[PDB]
Amino acid sequence: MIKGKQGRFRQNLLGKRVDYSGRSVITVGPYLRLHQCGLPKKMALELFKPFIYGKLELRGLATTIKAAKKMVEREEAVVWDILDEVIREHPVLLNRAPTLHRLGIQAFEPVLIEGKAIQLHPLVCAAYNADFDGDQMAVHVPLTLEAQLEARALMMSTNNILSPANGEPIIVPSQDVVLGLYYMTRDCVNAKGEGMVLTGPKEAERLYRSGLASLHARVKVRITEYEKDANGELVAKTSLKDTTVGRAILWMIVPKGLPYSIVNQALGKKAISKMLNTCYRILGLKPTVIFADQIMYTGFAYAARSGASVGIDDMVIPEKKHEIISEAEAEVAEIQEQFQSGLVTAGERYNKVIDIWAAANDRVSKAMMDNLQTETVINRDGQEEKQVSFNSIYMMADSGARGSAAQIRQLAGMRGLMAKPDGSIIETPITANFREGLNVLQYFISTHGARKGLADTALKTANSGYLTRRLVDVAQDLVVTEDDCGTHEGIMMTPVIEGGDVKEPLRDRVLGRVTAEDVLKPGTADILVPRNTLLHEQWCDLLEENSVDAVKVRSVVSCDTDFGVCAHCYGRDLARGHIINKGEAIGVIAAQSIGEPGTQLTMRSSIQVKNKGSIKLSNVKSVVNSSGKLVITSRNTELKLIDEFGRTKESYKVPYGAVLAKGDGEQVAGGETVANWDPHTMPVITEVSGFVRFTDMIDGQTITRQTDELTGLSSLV
Amino acid sequence: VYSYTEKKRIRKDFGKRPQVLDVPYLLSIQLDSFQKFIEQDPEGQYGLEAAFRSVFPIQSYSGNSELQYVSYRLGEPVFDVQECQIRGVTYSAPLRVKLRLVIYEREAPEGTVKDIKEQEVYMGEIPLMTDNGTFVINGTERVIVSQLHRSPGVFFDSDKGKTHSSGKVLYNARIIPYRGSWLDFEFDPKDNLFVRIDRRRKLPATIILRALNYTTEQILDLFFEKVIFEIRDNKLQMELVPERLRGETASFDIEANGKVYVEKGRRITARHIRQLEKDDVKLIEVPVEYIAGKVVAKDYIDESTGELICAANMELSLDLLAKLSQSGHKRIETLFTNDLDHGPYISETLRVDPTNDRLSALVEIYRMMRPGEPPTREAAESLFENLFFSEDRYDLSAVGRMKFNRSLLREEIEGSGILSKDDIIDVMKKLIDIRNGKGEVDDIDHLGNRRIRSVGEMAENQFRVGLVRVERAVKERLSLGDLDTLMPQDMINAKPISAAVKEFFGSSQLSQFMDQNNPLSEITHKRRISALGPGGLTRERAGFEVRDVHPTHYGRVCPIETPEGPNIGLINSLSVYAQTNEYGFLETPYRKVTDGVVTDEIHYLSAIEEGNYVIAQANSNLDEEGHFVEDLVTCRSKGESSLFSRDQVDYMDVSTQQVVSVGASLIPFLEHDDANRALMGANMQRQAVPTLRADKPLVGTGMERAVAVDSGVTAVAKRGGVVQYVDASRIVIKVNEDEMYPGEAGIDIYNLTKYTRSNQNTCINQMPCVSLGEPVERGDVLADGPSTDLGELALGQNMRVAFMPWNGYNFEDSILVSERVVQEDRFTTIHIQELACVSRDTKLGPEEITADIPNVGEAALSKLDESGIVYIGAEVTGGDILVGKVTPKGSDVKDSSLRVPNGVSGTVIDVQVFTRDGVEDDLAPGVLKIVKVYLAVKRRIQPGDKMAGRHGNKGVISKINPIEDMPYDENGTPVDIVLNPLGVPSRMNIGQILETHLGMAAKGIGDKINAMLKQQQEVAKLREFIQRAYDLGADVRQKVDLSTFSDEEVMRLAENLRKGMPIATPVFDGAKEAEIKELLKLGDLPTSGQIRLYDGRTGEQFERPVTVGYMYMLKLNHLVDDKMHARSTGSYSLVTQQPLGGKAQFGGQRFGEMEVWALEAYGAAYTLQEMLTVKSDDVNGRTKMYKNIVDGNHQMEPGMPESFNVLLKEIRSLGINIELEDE
DNA sequence: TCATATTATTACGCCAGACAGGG
DNA sequence: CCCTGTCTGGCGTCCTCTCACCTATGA
RNA sequence: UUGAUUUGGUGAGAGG
Ligand SMILES: [Mg+2]
Ligand SMILES: [Zn+2]
């Protein structure tokens, strides 16, 4: 009765069943503002029975409590006004059933629904991982007054617009709205109203609505962008931008402070995400909430006006696809004719077949990708001119709404080389896509490849959940409890480099973390930033201008606070712009932010330089050989490639005894080989010269005589 | 030629490959298994006769009486199936067994018995199977699901990597009997051979050889070959066959015949072996360092002194050679222990063995098996001689002996059920051979190594359990038997057999409640192959490879119909053409291919036969003779799909449906969908509710007919003929004379099952689809069941669907529906609820059925009689009264009167009452007042329901728009349902678009026929257009013989086609795209499939024309007013003070653990405090809070949770003193 | 009805943690 | 006496919905 | 002072 998953701790004391709670199937309702959700009248009259009883007893309509329970059991004509007067400013906690991180419980204001389904604002769905394929959510009512204020001031859906795991906005517009924007702000080389001039964005929308221009038709407009270059003062600058009609119509919705160049591009999904991010960093919270709603409304409206279907003709088969398959069939015919005559080995045959089918797969993908990305060729006033296509599946791929390169590849080009459950690949690919028919064997190999994926997700989720449990029970205690621990120690944040191009820049690692000692400017001994400044975006831009090497920054593991973490050694709040407040539980949000992506994770010669810069060596003890190539007498030598500015751009590990084509502090060319060794032969190279003696080397007991067969130059083994 | 309901509406059948084998009867697994169980089959195999011939004749321990068997029988069921479902009894039959007791005198093995007696005794009742493959166990209709388990017979498994943490492989070998003790052999990383019995302790394996009366020398004779050292002129020369030197280093000087063959240092090559065989080299003189490591084979004793020189399996040293050389044993037999091939595993196991003779071997085995209790000669010998060698407690069946002889490459396949010495020795030899290198392991997912149990086998095993209990009872009564004063029912007892067989058919992991909401769902729950159950693997443990699809599933198990979630790939569903082998394996049809010409003869194969042959592909182009039109064709050799020549193949696939099952071969354009979305599509297609008006999929596959007939939901005519059609109650069919018996003049009267409850509260209802005075043939359908339309299979309905974003109302997967869908009642399904009321005599007198309902006023006496119980049929809702059922002394009187649950409406369709003999009948005792009331809610469609197509496109219907706001094309018709195009590039289920275009073309032909028949034309133009519609395109199978339809069957066909011409697009040989375009050109529709659509709101054109077509959309039984729930305050549990759980219990939401972590992640300290103290558990806190709310004071007085004090008392009820400290 | 008191299957996969064995 | 196979215990995802089934004995 | 039993526990199936 104590232990286990169903004891008292895990089943009745940590998790309890709860009154004033409800549950139903969700649906969309896109008319909502993002602080409110739809909630049915029947659930609203059941969850709010005591508030309705109190309201009915206040007016004087009834007397005893019984009378009120008969009134709402009968549901007379007067209790719905009582219900709209108990709802009004009273938030509710919506909760999707697998809550993984804190954005899966958010507080809304109810708007009453004729119906039996919770209407949930669409942007908020990307926080809940809630699609609408049969999902269900629970509603909880904050009873007391402190809980209503916590739902409005901490857990309201307008307050959760940044994910706590990072700095990325979580109210990013998901799928229909980015298609509506990508169709709206685009262009074509001829439309109605090509190259006419417009006195404002208002008559741009008036020309689109009356039927005199097109939504994408390039046009000089006169827009007035407000740049706030002073200290909190918005300065108007008006100019003529060569833009389209749709970019002016979308400029009618952008708030004042953002520049016009945030809408001047084509606006896929990454661009609209950084649009909302720059709006949040400049204009704050309230314009970003109202602008997120206006983005969603105009995306839905012009996606409705777009009529962006999907057909069978939209998946354009490459004309070059059949000749590519026949050239691959001729190549496997040559390899198997060598296999009948035994010239090549079996593993080299299998490797050659997988290599030519990978090459033919890449060529088929490039054929279809050219045939989709620039298929439209329309003339304007004369000879033809090409542009990016308005194919429907290509806008669904290029916009980033739904689709990638691989999925649009499998609908038009060949769907690769599927792998059997043995783990090794199958030498005969699936040359037929989905627009052509798969025959029987090809679909069966496909089912191998997809049954493995479904089994992996349905067994992966248990380990992901148990990982989140272990993480929030090791964290469980750690609360921000001071304001400064009073130290000078902290870890040394450098950009990380594996050996390719510089993977994660320093601005991703030292964004919003308080420096340990004051960072010297890279010239000489300057106080560039002081020693306890939070590094927000302005400081990080003044770090990127000066090309700062690495920052000694304060880390949580170096915090000197007994029983908790001080407010500076944590860093930025991450979903609030400022430092972490005294109190906010960081262990639980950290454990959730590590364990929450557990589902997306999977479950089951020499050095060639790439760029062109300067050489530097670390952990090096070296010697010049007879020929001149600086060989190394240390195993653990790090070969860095430093640029002309001071930051470290490349790093490699060079073994004991390697032939370096270059030396210390030298300038090289891009692509020149600078290192060489033999890993199958461990070098026993020296420091000095002289003659060689065999000390304790006796043939017969110590060493042996193995004269070489095919060469004759013997060696004492 | 066609039958007469085939000429009603003949579906346009694409499909190029001529089918050679028609689809077998889809319920044949269940029916053939249970027809094997009950059948009078002489020669004994298989059935109930096998059980009676195993258990009988019973003779007691020399008690001079021997009860023997004659014959058995099953009488009539006392209750036919309908009144059996109504009453609640099992649908069973009494098992009348003739038993003949003969009783001996003293000294009669051969003497004639002194007296006989014989009677038709009664043991148990066995549940018969309904004609559709179901049981009726206790009123409810259940299905036994066929198991998939490991075959009996030896398996050589490896476990190559994980043990020893050193990369050293092991090799174990399990001899799995069908009934009895498990025997496993296994290596250990010291390269020693170990036996274990029934997963017990580990014994070194040669002790079992020493238990079979084998001395050490006989064991070394078995597992080792002898090397002969002859004592000769000098240094004790060696016989050397040159095979033994293969791959080793020459340690000494290899010379003979005055010639140095191979010197020291170089390894012996096979050319040197050829030199020694050409030079005829056997006897060579060895150094003394060569014998100084070898091991003796047999024993040798010093002859004159009379003592032992060396025991068998002893390594040799030089002084041991000085011992044995001087005695006079000239031959020395040594064990050839090759480090490469012939390893010394048995010999080192003999060195591990602490035993020496047979008796100590049996004592050690008895101390392993049964510990504590002493090991004496009789007890240990009886144990080991009945472990494997008696016919009672160890029995490899015929399957087990076939697999056991097949895995050891024996010639025969039939043998005795027990093991022997030679079988255990052969398993050890094959295991050693696998360790040496020759031969390989077996895999467990290979469906030649994986048998199917079915209903007859499982019920026969349970019946054999009951019979061995009743024979132990008969042996009990007979030795205490006094004669002649007993007749054979004081000996025998009907109780244990009935108890065991009702234990299996009631409470087992495979006798389970039938998914009955759909003809598809019935017919695909009966064809189910579960890996679970008794003796099989579990859901929460294993694994990765048994959840995965293996290349022997091609044509035996559906690759794509397996339920997603916790059990994927354990609950496999059987393929369309796959029968079951004689031994229980899965054999699938193939077409025998002797030479170039592919012959139309079929031939069935299992996976241990499919590997040897080369089997072609279903769709490989062959023209007019069977010759493959290419010179190379894709086949598969040994589970490897590869390209072979024109003339090498021995078999071809029969038809191209045969890979998948009957759930996922109803999906048209399957080959264009992804595998994941075909899985989700088939699993949702099982879940469809039957609509009120069944509607004929325009894009089907033609397998709708076989599923709708073979699942017994339609009233298929038994004997052909005409009709009398009284039908209000029953279809009356007059029989044609050729099918009519000479006596029993006879006309067939079919019973239509009208509105009644299914197992999933849906409505199963049959409607006659034949008129009066109309010819029907044998096998034709007469009454359309639930979800059927003229014998086809109509799960959902076909609706006009536009693919576009429409103002956000179809955002993620939502679906936006017109009002024309909800006005026409074209999804308004009918649900039926059974509600029981009983008035049991709990305590303080019996309860009572009277209208004189108390406290409650004239709001009780209303939908009832003048004095009790709901009248018959009104529009009852929630909070009404159905059966007044309240007691006095329970003012102190109360209201238990079964009412209507909260939120439901309906019409009382039926009231059953077999009550306590007095209500003013046939039922069991105990229960007194038994009133069952059948409501029938009619649920329409609403924002929040779930619809889905056949391709995996799920959706929660979001907005129910008016007709005006819909996107209308320029012809004027609104579109019915708007889906979302963004699902289609990601979820790669592109088949729904081809279904959309081809359904658009189907309704294009239907609109064209509706114009030609409404604006009425004489039938020449209709038969010309129908002939053009049925020719249409490439080489197909259908064409039609349309000029023989008598100028009226053209018109009745064209009356049944004016809603759209139905098109069969088969599974993998479906309609190509050019035929879709060509059919869209026959109708007057645009070729692209896309029409320009205007907007109903703004009246102005959508740019970039959108896709409109007809998709067959289904309503799944996840309805929103079965999920909507809310709770403010009501009842809680007993032990804890927290609220109850569920909806049927009016309970609240479990605010689980991760939600508490999410509130801790915010600063919600007060929200969490009321979330676990006031709202949930603390009783003083929640009563003070309810009074504080209704006063108008939102403030909580928290206190301590009650379940924590429950924790304190449960911890404190140990020896633990947990407290609560200082203030 | 009112006290009497427990036996003839096996088929997870790591991963720590404690224990007798032996160079 | 320090490595070492070997054995024994202790984990293994949250939320929800539907249905059926429940110890023998006994003067 | 104006009324009542599932949670308990197993098995099977389903949804996200
Ligand atoms: Mg979903
Ligand atoms: Zn600190």
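Anything mentioned here points back to the structure above.
Moving on, we get to the coordination of the zinc ion (ligand 2). The protein atoms donating to the zinc ion (ligand 2) are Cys-485 of chain A (SG), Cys-559 of chain A (SG), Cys-566 of chain A (SG) and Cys-569 of chain A (SG), with metal-donor distances spanning 2.4 to 2.5 Å. For the zinc ion (ligand 2), the 4 donor atoms in the first shell make angles of 91 to 139° at the metal, so the coordination geometry reads as irregular.

Residue and element names in this part refer to chain A. Along the chain, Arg-349 falls in helix 14 (residues 346–373). Given a relative accessible area of 14%, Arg-349 falls into the buried group. Within the structure, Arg-349 has its side chain in polar contact with the side chain of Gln-336 (distance 2.8 Å). When sequence neighbours within four positions are dropped, the list of residues in contact with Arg-349 reads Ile-335, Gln-336, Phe-339 and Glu-427.

Take the coordination of the magnesium ion (ligand 1) next. Residue and element names in this part refer to chain A. Coordination of the magnesium ion (ligand 1) by the protein is provided by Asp-131 (OD), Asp-131 (OD), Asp-133 (OD) and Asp-133 (OD), with metal-donor distances spanning 2.0 to 2.4 Å. We classify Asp-131 as buried; its relative accessible area is 19%. When its relative accessible area of 18% is taken as the criterion, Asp-133 is described as buried.

Residue and element names in this part refer to chain B. Two numbers describe how helix 9 (residues 358–369) lies on helix 10 (residues 377–385): the axes approach to 9 Å, and their chain directions differ by 75°. In terms of orientation, helix 9 and helix 10 fall into the roughly perpendicular class. Each of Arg-358, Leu-359, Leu-362, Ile-365, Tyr-366 and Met-369 in helix 9 lies in contact with helix 10, whose residues at this interface are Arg-377, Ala-379, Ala-380, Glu-381, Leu-383, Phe-384 and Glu-385. Here the residues of the contact of helix 9 with helix 10 sort into 9 nonpolar, no polar and 4 charged.

If you trace the 3 strands from one edge of the open sheet to the other, you get 8-9-10 (chain A), paired in mixed fashion. Here the strands that pair on one side only, and so sit at the sheet edges, are strand 8 (197–198) and strand 10 (235–243) of chain A.

With that out of the way, let us pick up the interface of chain B and chain A. In this complex, chain B contributes 140 residues to the contact, which on the side of chain A involves 138 residues. Summed over both sides, the interface between chain B and chain A buries roughly 12,400 Å², with carbon and sulfur atoms accounting for 59% of that surface. Taken as a group, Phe-811, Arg-1104 and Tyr-1162 of chain B account for 7% of the area that chain B buries against chain A, more than any other trio of residues on that side. For the interface between chain B and chain A, the tally reads 9 salt bridges. When the shortest N-O distance is used, the salt bridge between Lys-420 of chain A and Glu-640 of chain B registers 2.5 Å. At the junction of chain B and chain A, the tally comes to 49 residue pairs in polar contact. Among the elements that make up the side of chain B that touches chain A, the one with the highest residue count is helix 25 (residues 1153–1161) of chain B (9 residues). Looking at the side of chain B that touches chain A, its residues break down into 70 nonpolar, 42 polar and 28 charged. With 3 bridges connecting them, strand 1 (residues 16–18) of chain A and strand 51 (residues 1149–1151) of chain B associate as antiparallel partners. Paired with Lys-16 of chain A across the two strands is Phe-1151 of chain B, which belongs to strand 51 of chain B.

On the surface, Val-692, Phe-694, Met-697 and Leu-716 of chain A cluster together to form a nonpolar patch covering roughly 390 Å² of accessible area. Summarising the element assignment, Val-692 of chain A is placed in the loop between strand 21 (648–654) and strand 22 (705–706).

This part takes up the packing of helix 17 (residues 440–475) of chain A against helix 17 (residues 675–685) of chain B. Where helix 17 of chain A meets helix 17 of chain B, the axes come as close as 8 Å, and the angle between the chain directions of the two elements is 75°. Of the possible angle classes, the one that applies to helix 17 of chain A and helix 17 of chain B is roughly perpendicular. In this structure, helix 17 of chain A contributes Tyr-443, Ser-446, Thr-447, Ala-450 and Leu-454 of chain A to the contact, and helix 17 of chain B contributes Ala-675, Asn-676, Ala-678 and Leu-679 of chain B. Here the residues of the contact of helix 17 of chain A with helix 17 of chain B are counted per class, giving 6 nonpolar, 3 polar and no charged.

Rules and cut-offs
- Residues numbered from 1 in each chain as written, not as in the entry; some residues may be left out.
- Chains lettered and ligands numbered in written order.
- Part of a larger assembly, values for the part shown.
- Heavy atoms only, no water.
- Donors = N, O, S within 2.8 Å, 3.2 Å for Na, K, Ca; no water.
- Tetrahedral: all angles 85-135°; square planar, octahedral: opposite > 155°, others 65-115°.
- Helix = DSSP H or I, 4+ residues; strand = E, 2+ residues; numbered from the N terminus.
- Buried < 20%, exposed > 50% of the residue type's maximum accessible area, 1.4 Å probe, protein only.
- Polar contact = N/O pair within 3.5 Å; in protein donor to acceptor, adjacent residues only side chain to side chain.
- Contact = heavy atoms within 4.5 Å.
- Axes fitted to C-alpha atoms, helices over the stretch in contact; angles between N-to-C directions.
- Parallel < 35°, antiparallel > 145°, perpendicular 65-115°, else oblique.
- Nonpolar A, V, L, I, M, F, W, Y, C, P; charged D, E, K, R; others polar.
- Pairing = 2+ DSSP bridges.
- Buried area = accessible area lost by both parts, 1.4 Å probe.
- Salt bridge = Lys/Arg side-chain N within 4 Å of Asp/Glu carboxyl O.
- Patch = residues over 30% accessible without salt bridge, like charges linked within 9 Å, V, L, I, M, F, W, Y side chains within 5 Å.
- Areas by Shrake-Rupley, 256 points an atom, 1.4 Å probe, with all protein chains shown as cover.

Such coordinate-based values are descriptive only and should not be taken to indicate function.
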